[PDB]
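Quick look at input_9.txt (compact mmCIF, C-alpha atoms and all ligand atoms):
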# COMPACT_ATOMS: atom_id res chain seq x y z
CA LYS A 1 0.00 0.00 0.00
CA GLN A 2 2.79 2.53 0.85
CA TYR A 3 5.82 3.20 -1.26
CA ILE A 4 8.57 5.58 -2.22
CA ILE A 5 7.87 7.94 -5.21
CA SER A 6 11.19 9.89 -5.18
CA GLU A 7 14.28 10.84 -3.18
CA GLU A 8 15.77 14.32 -3.32
CA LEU A 9 19.41 14.79 -2.24
CA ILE A 10 19.57 17.58 0.38
CA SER A 11 23.27 17.25 1.42
CA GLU A 12 26.04 14.69 0.85
CA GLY A 13 29.09 14.39 2.95
CA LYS A 14 31.89 11.87 2.66
CA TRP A 15 30.21 9.38 5.06
CA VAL A 16 26.55 10.53 5.38
CA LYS A 17 23.84 12.06 3.26
CA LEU A 18 20.49 13.65 4.02
CA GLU A 19 17.60 13.16 1.57
CA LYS A 20 14.05 14.28 1.31
CA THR A 21 11.91 11.23 0.62
CA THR A 22 8.53 11.50 -1.07
CA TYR A 23 6.18 8.60 -0.44
CA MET A 24 2.51 7.69 -0.88
CA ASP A 25 0.67 7.31 2.39
CA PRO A 26 -2.03 4.62 2.59
CA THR A 27 -4.89 7.14 1.95
CA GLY A 28 -3.31 7.93 -1.49
CA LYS A 29 -1.88 11.26 -0.10
CA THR A 30 1.70 12.20 -1.01
CA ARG A 31 3.99 12.93 1.98
CA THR A 32 7.63 13.75 2.72
CA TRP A 33 10.23 12.45 5.19
CA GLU A 34 13.75 13.54 6.04
CA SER A 35 15.95 10.48 5.69
CA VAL A 36 19.60 9.75 6.39
CA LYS A 37 21.78 7.28 4.56
CA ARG A 38 25.40 6.29 4.74
CA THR A 39 27.34 6.84 1.50
CA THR A 40 29.34 3.58 2.01
CA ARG A 41 26.85 0.69 1.31
CA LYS A 42 27.79 -1.66 -1.62
CA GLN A 43 26.48 -5.47 0.75
CA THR A 44 23.67 -7.29 2.64
CA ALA A 45 23.85 -4.50 5.21
CA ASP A 46 25.97 -1.49 6.17
CA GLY A 47 27.64 -3.29 9.06
CA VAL A 48 27.78 -6.12 11.56
CA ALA A 49 27.44 -6.13 15.37
CA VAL A 50 28.85 -9.10 17.20
CA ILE A 51 27.33 -10.66 20.33
CA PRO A 52 30.53 -12.28 21.71
CA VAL A 53 29.88 -14.92 24.35
CA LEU A 54 33.13 -15.49 26.25
CA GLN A 55 33.09 -19.09 27.51
CA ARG A 56 35.66 -20.13 30.19
CA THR A 57 35.34 -23.18 32.28
CA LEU A 58 34.58 -22.59 35.96
CA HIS A 59 33.68 -18.98 35.23
CA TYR A 60 30.50 -17.18 34.45
CA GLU A 61 29.78 -16.78 30.75
CA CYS A 62 30.55 -13.16 29.79
CA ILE A 63 29.35 -10.89 27.04
CA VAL A 64 32.30 -9.02 25.59
CA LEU A 65 31.59 -5.30 24.95
CA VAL A 66 33.56 -2.29 23.85
CA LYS A 67 33.78 1.28 25.12
CA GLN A 68 34.81 4.09 22.73
CA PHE A 69 34.38 7.80 22.30
CA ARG A 70 31.60 8.46 19.80
CA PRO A 71 31.81 11.93 18.27
CA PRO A 72 28.10 12.08 17.39
CA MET A 73 27.26 11.33 21.02
CA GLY A 74 29.89 13.70 22.43
CA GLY A 75 30.89 11.01 24.89
CA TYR A 76 31.83 7.45 25.58
CA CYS A 77 29.48 4.52 24.68
CA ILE A 78 29.39 0.85 25.57
CA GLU A 79 28.48 -1.29 22.53
CA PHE A 80 28.75 -4.72 20.97
CA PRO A 81 31.92 -4.94 18.84
CA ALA A 82 30.95 -3.70 15.43
CA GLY A 83 31.99 -2.22 12.15
CA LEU A 84 31.19 -1.77 8.46
CA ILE A 85 31.29 -4.79 6.13
CA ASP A 86 34.05 -4.55 3.42
CA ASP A 87 32.89 -4.68 -0.25
CA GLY A 88 32.77 -8.40 -1.05
CA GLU A 89 33.16 -9.52 2.59
CA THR A 90 30.57 -11.92 4.07
CA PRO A 91 28.77 -10.79 7.31
CA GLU A 92 30.20 -13.77 9.19
CA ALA A 93 33.74 -12.81 8.07
CA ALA A 94 33.20 -9.16 8.91
CA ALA A 95 32.09 -10.33 12.38
CA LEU A 96 35.19 -12.36 13.18
CA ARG A 97 37.47 -9.71 11.75
CA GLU A 98 35.86 -6.89 13.68
CA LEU A 99 35.82 -8.90 16.88
CA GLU A 100 39.54 -9.55 16.53
CA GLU A 101 40.42 -5.93 15.71
CA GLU A 102 38.35 -4.46 18.52
CA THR A 103 38.93 -7.07 21.22
CA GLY A 104 41.80 -9.33 20.19
CA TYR A 105 39.50 -12.37 20.65
CA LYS A 106 39.16 -15.12 18.05
CA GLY A 107 35.73 -16.64 17.94
CA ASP A 108 33.43 -19.05 16.25
CA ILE A 109 30.15 -18.27 14.45
CA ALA A 110 26.95 -19.52 16.19
CA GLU A 111 24.25 -17.76 14.19
CA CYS A 112 23.77 -14.71 11.96
CA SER A 113 20.66 -12.57 11.70
CA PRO A 114 19.01 -11.27 8.54
CA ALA A 115 19.66 -7.56 7.87
CA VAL A 116 18.04 -5.59 10.77
CA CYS A 117 17.41 -1.83 10.95
CA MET A 118 19.23 0.51 13.28
CA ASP A 119 16.85 3.48 13.52
CA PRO A 120 14.22 3.13 10.73
CA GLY A 121 12.42 6.38 11.43
CA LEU A 122 15.68 8.22 10.71
CA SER A 123 17.99 6.17 8.49
CA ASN A 124 18.17 3.20 6.18
CA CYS A 125 21.10 1.82 8.21
CA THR A 126 21.15 -1.91 8.67
CA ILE A 127 23.38 -4.53 10.28
CA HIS A 128 23.61 -8.25 10.67
CA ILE A 129 23.79 -9.31 14.30
CA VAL A 130 26.25 -12.16 14.53
CA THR A 131 26.31 -14.33 17.67
CA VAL A 132 29.85 -15.63 18.22
CA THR A 133 31.19 -17.85 20.96
CA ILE A 134 34.78 -17.36 22.19
CA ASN A 135 36.58 -20.36 23.72
CA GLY A 136 38.29 -18.48 26.45
CA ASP A 137 40.33 -21.53 27.46
CA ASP A 138 42.23 -21.75 24.09
CA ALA A 139 45.75 -20.38 23.95
CA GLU A 140 44.89 -17.91 21.11
CA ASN A 141 42.47 -16.11 23.50
CA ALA A 142 44.82 -16.23 26.48
CA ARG A 143 46.34 -12.77 25.92
CA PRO A 144 43.93 -11.23 23.39
CA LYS A 145 45.90 -8.89 21.08
CA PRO A 146 43.55 -6.14 19.68
CA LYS A 147 44.63 -4.91 16.20
CA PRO A 148 42.51 -1.74 15.88
CA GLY A 149 42.60 0.39 12.73
CA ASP A 150 43.77 3.97 12.22
CA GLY A 151 41.96 6.48 14.51
CA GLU A 152 40.12 3.76 16.52
CA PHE A 153 40.64 3.63 20.29
CA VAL A 154 38.69 0.84 22.00
CA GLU A 155 38.61 -0.47 25.62
CA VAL A 156 37.21 -3.99 26.11
CA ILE A 157 34.66 -4.62 28.90
CA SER A 158 33.53 -8.17 29.70
CA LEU A 159 30.45 -8.57 31.82
CA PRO A 160 28.71 -11.66 33.13
CA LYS A 161 25.82 -12.75 30.96
CA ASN A 162 23.67 -13.83 33.99
CA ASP A 163 23.88 -10.27 35.60
CA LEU A 164 24.26 -8.17 32.48
CA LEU A 165 21.49 -5.66 32.99
CA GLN A 166 22.48 -4.79 36.62
CA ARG A 167 26.09 -4.50 35.58
CA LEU A 168 25.23 -2.12 32.76
CA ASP A 169 22.95 0.05 34.97
CA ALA A 170 25.89 0.35 37.40
CA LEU A 171 28.33 1.51 34.70
CA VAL A 172 25.87 4.22 33.68
CA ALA A 173 25.28 5.42 37.28
CA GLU A 174 28.98 5.27 38.15
CA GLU A 175 30.85 6.19 34.90
CA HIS A 176 28.34 8.47 33.00
CA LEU A 177 28.70 6.27 29.88
CA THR A 178 25.87 5.69 27.41
CA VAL A 179 24.89 2.05 26.81
CA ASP A 180 23.84 1.10 23.30
CA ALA A 181 20.18 0.24 22.85
CA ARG A 182 20.81 -3.12 21.25
CA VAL A 183 23.08 -4.05 24.19
CA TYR A 184 20.42 -2.86 26.64
CA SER A 185 17.69 -4.74 24.83
CA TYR A 186 19.68 -7.94 24.94
CA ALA A 187 20.27 -7.42 28.70
CA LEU A 188 16.62 -6.79 29.36
CA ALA A 189 15.57 -10.00 27.59
CA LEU A 190 18.04 -12.03 29.59
CA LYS A 191 16.20 -10.88 32.73
CA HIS A 192 12.74 -11.16 31.14
CA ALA A 193 13.20 -14.79 29.91
CA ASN A 194 10.85 -17.41 31.54
CA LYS B 1 40.94 11.85 27.33
CA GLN B 2 38.61 12.49 24.31
CA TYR B 3 36.20 15.34 23.80
CA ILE B 4 34.37 17.56 21.39
CA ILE B 5 36.07 20.76 20.20
CA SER B 6 33.43 22.10 17.85
CA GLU B 7 30.21 21.22 15.99
CA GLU B 8 29.65 23.00 12.64
CA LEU B 9 26.22 22.92 11.02
CA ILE B 10 26.34 21.56 7.49
CA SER B 11 22.60 21.25 6.69
CA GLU B 12 19.46 21.65 8.79
CA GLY B 13 15.99 20.31 7.83
CA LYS B 14 12.72 20.59 9.80
CA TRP B 15 13.50 17.27 11.54
CA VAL B 16 17.17 16.28 11.06
CA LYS B 17 20.51 18.13 10.77
CA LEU B 18 23.96 17.12 9.62
CA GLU B 19 27.03 18.50 11.50
CA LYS B 20 30.84 18.40 11.02
CA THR B 21 32.13 17.42 14.43
CA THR B 22 35.66 18.27 15.53
CA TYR B 23 37.09 16.34 18.45
CA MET B 24 40.33 15.46 20.21
CA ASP B 25 41.61 11.93 19.77
CA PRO B 26 43.51 10.24 22.63
CA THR B 27 46.94 10.78 20.99
CA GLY B 28 46.24 14.57 21.24
CA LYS B 29 45.36 14.96 17.52
CA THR B 30 42.33 16.91 16.18
CA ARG B 31 39.95 14.74 14.03
CA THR B 32 36.53 15.21 12.38
CA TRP B 33 33.31 13.17 12.09
CA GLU B 34 30.05 13.63 10.26
CA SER B 35 27.26 13.58 12.86
CA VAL B 36 23.50 13.47 12.59
CA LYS B 37 21.14 14.97 15.15
CA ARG B 38 17.44 15.50 15.42
CA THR B 39 16.22 19.12 15.58
CA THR B 40 13.35 18.16 17.92
CA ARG B 41 15.25 17.51 21.21
CA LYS B 42 14.99 20.19 23.86
CA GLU B 43 15.28 19.39 27.57
CA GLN B 44 14.17 15.71 27.29
CA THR B 45 16.59 13.18 28.73
CA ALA B 46 16.38 11.45 25.34
CA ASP B 47 14.79 11.95 21.99
CA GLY B 48 12.25 9.21 22.36
CA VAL B 49 11.00 6.03 23.94
CA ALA B 50 10.64 2.44 22.74
CA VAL B 51 8.21 0.28 24.67
CA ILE B 52 8.73 -3.41 25.46
CA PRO B 53 5.03 -4.34 25.99
CA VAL B 54 4.53 -7.70 27.74
CA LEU B 55 0.93 -8.81 27.18
CA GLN B 56 -0.15 -11.00 30.11
CA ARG B 57 -3.31 -13.02 30.13
CA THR B 58 -4.59 -15.85 32.28
CA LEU B 59 -3.94 -19.27 30.67
CA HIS B 60 -1.99 -17.65 27.81
CA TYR B 61 1.67 -17.53 27.16
CA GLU B 62 3.11 -13.96 27.53
CA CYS B 63 3.25 -12.06 24.25
CA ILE B 64 5.50 -9.22 23.14
CA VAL B 65 3.43 -6.64 21.32
CA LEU B 66 5.13 -5.20 18.19
CA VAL B 67 4.11 -2.82 15.46
CA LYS B 68 4.57 -2.93 11.68
CA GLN B 69 4.71 0.37 9.77
CA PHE B 70 6.06 1.78 6.56
CA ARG B 71 9.32 3.62 7.20
CA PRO B 72 10.26 6.11 4.48
CA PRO B 73 14.04 5.98 5.29
CA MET B 74 13.98 2.25 4.74
CA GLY B 75 11.69 2.25 1.68
CA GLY B 76 9.63 -0.57 3.25
CA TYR B 77 7.80 -2.04 6.22
CA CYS B 78 9.58 -2.66 9.52
CA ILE B 79 8.68 -4.57 12.66
CA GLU B 80 9.55 -2.62 15.81
CA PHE B 81 8.73 -1.99 19.45
CA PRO B 82 6.00 0.65 19.78
CA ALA B 83 7.85 3.96 19.95
CA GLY B 84 7.80 7.72 19.51
CA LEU B 85 9.41 10.97 20.44
CA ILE B 86 8.99 12.37 23.98
CA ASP B 87 6.84 15.58 23.85
CA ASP B 88 8.37 18.66 25.54
CA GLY B 89 7.86 18.35 29.33
CA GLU B 90 6.58 14.81 29.11
CA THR B 91 8.15 12.11 31.24
CA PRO B 92 9.67 9.02 29.44
CA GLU B 93 7.13 6.80 31.25
CA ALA B 94 4.17 8.94 30.18
CA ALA B 95 5.48 9.04 26.60
CA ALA B 96 5.79 5.22 26.63
CA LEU B 97 2.34 4.61 27.91
CA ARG B 98 0.85 7.20 25.53
CA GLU B 99 2.65 5.87 22.42
CA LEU B 100 1.73 2.29 23.36
CA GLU B 101 -1.97 3.26 23.57
CA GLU B 102 -1.84 5.32 20.38
CA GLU B 103 -0.04 2.62 18.34
CA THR B 104 -1.71 -0.50 19.73
CA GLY B 105 -4.80 0.40 21.69
CA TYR B 106 -3.40 -1.24 24.83
CA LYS B 107 -3.25 0.42 28.23
CA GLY B 108 -0.09 -0.69 29.98
CA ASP B 109 1.35 -0.44 33.47
CA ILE B 110 4.92 0.70 33.93
CA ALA B 111 7.46 -1.98 34.91
CA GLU B 112 10.83 -0.36 34.42
CA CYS B 113 12.53 2.50 32.63
CA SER B 114 16.07 2.40 31.26
CA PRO B 115 18.51 5.21 31.27
CA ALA B 116 18.96 7.05 27.97
CA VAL B 117 20.47 4.58 25.51
CA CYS B 118 22.01 5.30 22.08
CA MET B 119 20.46 4.32 18.81
CA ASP B 120 23.45 4.35 16.42
CA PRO B 121 26.27 6.19 18.20
CA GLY B 122 28.72 6.14 15.24
CA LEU B 123 26.14 8.06 13.19
CA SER B 124 23.80 10.11 15.41
CA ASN B 125 23.34 11.45 18.93
CA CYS B 126 19.86 9.92 19.01
CA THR B 127 18.81 8.38 22.28
CA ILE B 128 15.78 6.65 23.78
CA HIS B 129 14.50 5.29 27.03
CA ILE B 130 13.49 1.69 26.76
CA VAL B 131 10.39 1.34 28.91
CA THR B 132 9.13 -2.09 29.91
CA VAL B 133 5.40 -2.16 30.38
CA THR B 134 3.04 -5.00 31.30
CA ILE B 135 -0.39 -5.18 29.74
CA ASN B 136 -3.16 -6.86 31.75
CA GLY B 137 -4.94 -8.61 28.92
CA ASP B 138 -7.68 -9.83 31.32
CA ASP B 139 -8.81 -6.20 31.93
CA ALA B 140 -11.85 -5.16 29.91
CA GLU B 141 -10.03 -1.98 28.76
CA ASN B 142 -7.63 -4.25 26.82
CA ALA B 143 -10.21 -6.70 25.35
CA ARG B 144 -10.77 -5.30 21.85
CA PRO B 145 -8.00 -2.60 21.65
CA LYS B 146 -8.04 -0.10 18.68
CA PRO B 147 -4.99 1.98 17.60
CA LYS B 148 -5.68 5.77 17.95
CA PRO B 149 -2.96 6.76 15.54
CA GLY B 150 -1.89 10.40 15.01
CA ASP B 151 -1.76 12.46 11.78
CA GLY B 152 0.07 10.39 9.08
CA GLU B 153 0.50 7.32 11.35
CA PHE B 154 -0.53 3.92 9.99
CA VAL B 155 0.25 1.02 12.24
CA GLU B 156 -0.43 -2.76 12.36
CA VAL B 157 -0.12 -4.63 15.66
CA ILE B 158 1.63 -8.01 15.80
CA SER B 159 1.63 -9.90 19.09
CA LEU B 160 4.05 -12.81 19.26
CA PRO B 161 4.73 -15.25 22.09
CA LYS B 162 7.72 -14.40 24.16
CA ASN B 163 8.67 -18.08 24.40
CA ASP B 164 9.11 -18.38 20.57
CA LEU B 165 9.80 -14.80 19.57
CA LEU B 166 12.94 -15.30 17.42
CA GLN B 167 11.40 -18.16 15.39
CA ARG B 168 8.19 -16.24 14.87
CA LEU B 169 10.14 -13.17 13.71
CA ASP B 170 12.19 -15.35 11.33
CA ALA B 171 8.98 -16.87 10.01
CA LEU B 172 7.61 -13.37 9.30
CA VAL B 173 10.82 -12.35 7.50
CA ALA B 174 10.58 -15.60 5.46
CA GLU B 175 6.98 -14.80 4.29
CA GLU B 176 7.09 -11.06 3.36
CA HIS B 177 9.38 -8.18 2.37
CA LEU B 178 10.09 -6.43 5.63
CA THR B 179 12.82 -5.74 8.12
CA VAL B 180 13.01 -6.49 11.79
CA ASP B 181 14.37 -3.79 14.06
CA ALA B 182 17.74 -4.44 15.55
CA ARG B 183 16.55 -3.85 19.17
CA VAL B 184 13.64 -6.30 18.63
CA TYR B 185 16.04 -8.84 17.16
CA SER B 186 18.53 -8.39 19.99
CA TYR B 187 15.76 -8.91 22.55
CA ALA B 188 14.57 -12.08 20.70
CA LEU B 189 18.15 -13.47 20.56
CA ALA B 190 18.69 -13.01 24.32
CA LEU B 191 15.33 -14.76 25.03
CA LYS B 192 16.75 -17.73 23.08
CA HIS B 193 20.21 -17.46 24.68
CA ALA B 194 18.77 -17.40 28.20
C1 LIG C 201 28.86 8.52 10.05
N1 LIG C 201 29.92 9.52 10.08
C2 LIG C 201 31.23 9.18 9.95
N2 LIG C 201 31.55 7.85 9.81
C3 LIG C 201 32.85 7.53 9.75
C4 LIG C 201 33.86 8.44 9.80
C5 LIG C 201 33.45 9.81 9.92
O1 LIG C 201 34.39 10.80 9.92
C6 LIG C 201 35.83 10.63 9.88
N3 LIG C 201 32.13 10.23 10.01
CL CL C 202 24.81 -18.36 22.95
MG MG C 203 33.72 -0.49 15.47
MG MG C 204 37.10 -1.41 12.47
MG MG C 205 5.97 5.52 16.59
MG MG C 206 3.48 7.21 17.48

Please rewrite the model in this file as structure tokens.
Ligand SMILES: CNc1nccc(OC)n1
Ligand SMILES: [Cl-]
Ligand SMILES: [Mg+2]
Ligand SMILES: [Mg+2]
Ligand SMILES: [Mg+2]
Ligand SMILES: [Mg+2]
Amino acid sequence: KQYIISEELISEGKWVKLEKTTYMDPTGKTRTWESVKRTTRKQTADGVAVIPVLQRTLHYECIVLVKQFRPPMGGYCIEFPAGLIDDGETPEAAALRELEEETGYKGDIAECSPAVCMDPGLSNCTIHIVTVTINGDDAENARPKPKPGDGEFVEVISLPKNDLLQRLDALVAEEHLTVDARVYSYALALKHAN
Amino acid sequence: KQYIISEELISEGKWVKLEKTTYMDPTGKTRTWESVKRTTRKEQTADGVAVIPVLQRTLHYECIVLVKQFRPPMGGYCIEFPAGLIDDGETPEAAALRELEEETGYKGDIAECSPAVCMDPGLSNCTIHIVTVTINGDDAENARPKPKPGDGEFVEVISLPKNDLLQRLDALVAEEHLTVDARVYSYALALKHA
């Protein structure tokens, strides 16, 4: 019933553009929306976000997260390891690469989502969420060596899966960080299950 | 260590603006970013709310109530938590309960309210509160609920059992052209992983 009629470029940067979208509303009335897109999409999705489940025997399972300064936020954020997918890279491969660059951990693929939207009222940005387990008892994940790219500065924060939400709430109250909504959503469902 | 030095307006619409952000990297070097912001945020502790609406009914499995809408930035239909912007002076809880009623017809009861969490922190400063709400589906107010959607709002309600949410979402993605929201998907994954 609804669909896009046209897209007008308002402004194009190197990484981001703003467009004025005309669409037909379900009454047959024509309407406009201000829409953002990244200029980098080739791919199944713009990017991947990795849910990295650190498994060590006789320890709690942890979810491995990252903390970085995010210029659009004007502050530090706690997020799942994540990045853009390289032209002709698979989402799975992008997931293991990014996880290694940002954390130093080497993991195994458990499952991969379809493309999911980041903020669909604002942008067309999409990611695959890739669940990865990390055998924390293997020698290659003993002393994880992060190989981050140029101009990336990432701190790794591992938190127990079974207390994730309370641990996150504490980091916000204590460190004035912003937790990512996908991370928070995941944490909430862990408590809400059953 | 890191901080914002300046934010230069590139382009401002009615709803969204694009900014050139200058900030200090941790080596002590000046760098830039292209940042998106909404123009609608005033004193609110976030731009908006997303509601996690747990429909509870005697001798029924708990359902998560979701909405399906056309999203101009995406050029297609998306499945999301009920959600909207917080009106000036409105509390996040009030916004959540109001948007839930408007989008779904259901009258909820507040369970919990998250701190402000970031939508896509490498792109925008956009933030939400994630508000968990229970819906007493035995109450007569919630028997035959009707959306009371605003001007240019056109929403379908999809209630899925919490105990099978990921599979039911996957089934929906298999059968039509549409995109699941990344927060919805994250929540569904954790319900499996728990
Ligand atoms: C979405 N904006 C953006 N992405 C990547 C790099 C950058 O500036 C160097 N700006
Ligand atoms: Cl798992
Ligand atoms: Mg990254
Ligand atoms: Mg990277
Ligand atoms: Mg809405
Ligand atoms: Mg609404």

| task | Could you tell me which of B:81, B:58, B:144, B:183 comes closest to chain A if we count all atoms listed in the file? | result |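 Once distances to chain A are computed over all atoms listed in the file, the minimum belongs to B:183.
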
At most 8 Å from ligand MG 203 (chain C) (only C-alpha atoms and all ligand atoms): residue list as a PDB file with C-alpha atoms, in the frame of the given file:
ATOM      1  CA  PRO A  81      31.920  -4.940  18.840  1.00  0.00           C
ATOM      2  CA  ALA A  82      30.950  -3.700  15.430  1.00  0.00           C
ATOM      3  CA  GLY A  83      31.990  -2.220  12.150  1.00  0.00           C
ATOM      4  CA  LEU A  84      31.190  -1.770   8.460  1.00  0.00           C
ATOM      5  CA  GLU A  98      35.860  -6.890  13.680  1.00  0.00           C
ATOM      6  CA  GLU A 102      38.350  -4.460  18.520  1.00  0.00           C
ATOM      7  CA  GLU A 152      40.120   3.760  16.520  1.00  0.00           C
TER       8      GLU A 152
END

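Pocket residues of ligand CL 202 (chain C), taken as those with any atom at most 8 Å away using only C-alpha atoms and all ligand atoms, are residues 53, 110, 131, 132 and 133 of chain A; 193 of chain B.
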
| task | Mind listing whatever residues come within 10 Å of the point (19.9, -0.2, 20.9)? Use all atoms listed in the file, file coordinates, and give them as a list in words. | result | residues 79, 80, 118, 119, 179, 180, 181, 182, 183, 184, 185 and 186 of chain A; 50, 117, 118, 119, 120, 121, 127, 128, 129, 130, 181, 182, 183, 184, 186 and 187 of chain B

| Nearby residues, (18.6, 21.3, 11.2) file frame, 12 Å, only C-alpha atoms, as an NGL selection string | (:A and (10-11 or 18 or 34)) or (:B and (8-19 or 35-41))

Export of the given selection (C-alpha atoms) as a tab-separated table (two decimals), keeping the file's coordinate frame:
chain	number	residue	atom	x	y	z
A	10	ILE	CA	19.57	17.58	0.38
A	11	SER	CA	23.27	17.25	1.42
A	18	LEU	CA	20.49	13.65	4.02
A	34	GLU	CA	13.75	13.54	6.04
B	8	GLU	CA	29.65	23.00	12.64
B	9	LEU	CA	26.22	22.92	11.02
B	10	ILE	CA	26.34	21.56	7.49
B	11	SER	CA	22.60	21.25	6.69
B	12	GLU	CA	19.46	21.65	8.79
B	13	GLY	CA	15.99	20.31	7.83
B	14	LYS	CA	12.72	20.59	9.80
B	15	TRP	CA	13.50	17.27	11.54
B	16	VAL	CA	17.17	16.28	11.06
B	17	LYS	CA	20.51	18.13	10.77
B	18	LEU	CA	23.96	17.12	9.62
B	19	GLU	CA	27.03	18.50	11.50
B	35	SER	CA	27.26	13.58	12.86
B	36	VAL	CA	23.50	13.47	12.59
B	37	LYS	CA	21.14	14.97	15.15
B	38	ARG	CA	17.44	15.50	15.42
B	39	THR	CA	16.22	19.12	15.58
B	40	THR	CA	13.35	18.16	17.92
B	41	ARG	CA	15.25	17.51	21.21

| If we count all atoms listed in the file, what is near residue 165 of chain A at a cut-off of 7 Å, once residues fewer than 2 positions away on the same chain are taken out, given as number ranges by chain? | A: 163, 167-169, 187-188

| query | In Å, with one decimal, what is the gap from atom CA of residue 72 of chain A to atom CA of residue 28 of chain B? | reply |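 Separation between atom CA of residue 72 of chain A and atom CA of residue 28 of chain B: 18.7 Å.
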
Let me have the centre and edge lengths of the axis-aligned box enclosing all listed atoms of ligand LIG 201 (chain C) with 4 Å padding on every side, in Å to one decimal, as JSON.
{"center_x": 32.3, "center_y": 9.2, "center_z": 9.9, "size_x": 15.0, "size_y": 11.3, "size_z": 8.3}

Rebuild segment 124-141 of chain B to N, CA and C atoms - output it as a PDB file, in the coordinates of the input, please.
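Result went into rebuild.pdb, see below:
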ATOM      1  N   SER B 124      24.694   9.082  14.891  1.00  0.00           N
ATOM      2  CA  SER B 124      23.800  10.110  15.410  1.00  0.00           C
ATOM      3  C   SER B 124      23.950  10.209  16.934  1.00  0.00           C
ATOM      4  N   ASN B 125      23.407  11.285  17.464  1.00  0.00           N
ATOM      5  CA  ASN B 125      23.340  11.450  18.930  1.00  0.00           C
ATOM      6  C   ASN B 125      22.007  10.927  19.471  1.00  0.00           C
ATOM      7  N   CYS B 126      21.230  10.262  18.646  1.00  0.00           N
ATOM      8  CA  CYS B 126      19.860   9.920  19.010  1.00  0.00           C
ATOM      9  C   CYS B 126      19.846   8.925  20.162  1.00  0.00           C
ATOM     10  N   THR B 127      18.945   9.212  21.089  1.00  0.00           N
ATOM     11  CA  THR B 127      18.810   8.380  22.280  1.00  0.00           C
ATOM     12  C   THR B 127      17.333   8.123  22.556  1.00  0.00           C
ATOM     13  N   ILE B 128      17.112   7.013  23.281  1.00  0.00           N
ATOM     14  CA  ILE B 128      15.780   6.650  23.780  1.00  0.00           C
ATOM     15  C   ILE B 128      15.872   6.163  25.212  1.00  0.00           C
ATOM     16  N   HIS B 129      14.738   6.232  25.905  1.00  0.00           N
ATOM     17  CA  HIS B 129      14.500   5.290  27.030  1.00  0.00           C
ATOM     18  C   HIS B 129      13.736   4.083  26.552  1.00  0.00           C
ATOM     19  N   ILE B 130      14.182   2.909  26.978  1.00  0.00           N
ATOM     20  CA  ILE B 130      13.490   1.690  26.760  1.00  0.00           C
ATOM     21  C   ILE B 130      12.651   1.460  28.010  1.00  0.00           C
ATOM     22  N   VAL B 131      11.361   1.442  27.805  1.00  0.00           N
ATOM     23  CA  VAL B 131      10.390   1.340  28.910  1.00  0.00           C
ATOM     24  C   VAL B 131       9.656   0.024  28.819  1.00  0.00           C
ATOM     25  N   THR B 132       9.829  -0.801  29.842  1.00  0.00           N
ATOM     26  CA  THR B 132       9.130  -2.090  29.910  1.00  0.00           C
ATOM     27  C   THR B 132       7.801  -1.830  30.575  1.00  0.00           C
ATOM     28  N   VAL B 133       6.740  -2.316  29.947  1.00  0.00           N
ATOM     29  CA  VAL B 133       5.400  -2.160  30.380  1.00  0.00           C
ATOM     30  C   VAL B 133       4.696  -3.498  30.330  1.00  0.00           C
ATOM     31  N   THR B 134       3.930  -3.831  31.344  1.00  0.00           N
ATOM     32  CA  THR B 134       3.040  -5.000  31.300  1.00  0.00           C
ATOM     33  C   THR B 134       1.631  -4.554  30.890  1.00  0.00           C
ATOM     34  N   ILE B 135       0.943  -5.400  30.149  1.00  0.00           N
ATOM     35  CA  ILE B 135      -0.390  -5.180  29.740  1.00  0.00           C
ATOM     36  C   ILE B 135      -1.246  -6.283  30.379  1.00  0.00           C
ATOM     37  N   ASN B 136      -2.264  -5.880  31.147  1.00  0.00           N
ATOM     38  CA  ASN B 136      -3.160  -6.860  31.750  1.00  0.00           C
ATOM     39  C   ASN B 136      -4.213  -7.148  30.714  1.00  0.00           C
ATOM     40  N   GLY B 137      -4.008  -8.231  29.941  1.00  0.00           N
ATOM     41  CA  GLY B 137      -4.940  -8.610  28.920  1.00  0.00           C
ATOM     42  C   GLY B 137      -6.278  -9.168  29.423  1.00  0.00           C
ATOM     43  N   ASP B 138      -6.373  -9.446  30.712  1.00  0.00           N
ATOM     44  CA  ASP B 138      -7.680  -9.830  31.320  1.00  0.00           C
ATOM     45  C   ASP B 138      -8.582  -8.598  31.569  1.00  0.00           C
ATOM     46  N   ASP B 139      -8.014  -7.384  31.616  1.00  0.00           N
ATOM     47  CA  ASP B 139      -8.810  -6.200  31.930  1.00  0.00           C
ATOM     48  C   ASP B 139      -9.641  -5.810  30.729  1.00  0.00           C
ATOM     49  N   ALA B 140     -10.876  -5.376  30.981  1.00  0.00           N
ATOM     50  CA  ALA B 140     -11.850  -5.160  29.910  1.00  0.00           C
ATOM     51  C   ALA B 140     -11.415  -4.018  28.969  1.00  0.00           C
ATOM     52  N   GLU B 141     -10.672  -3.056  29.526  1.00  0.00           N
ATOM     53  CA  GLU B 141     -10.030  -1.980  28.760  1.00  0.00           C
ATOM     54  C   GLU B 141      -9.119  -2.473  27.612  1.00  0.00           C
TER      55      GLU B 141
END
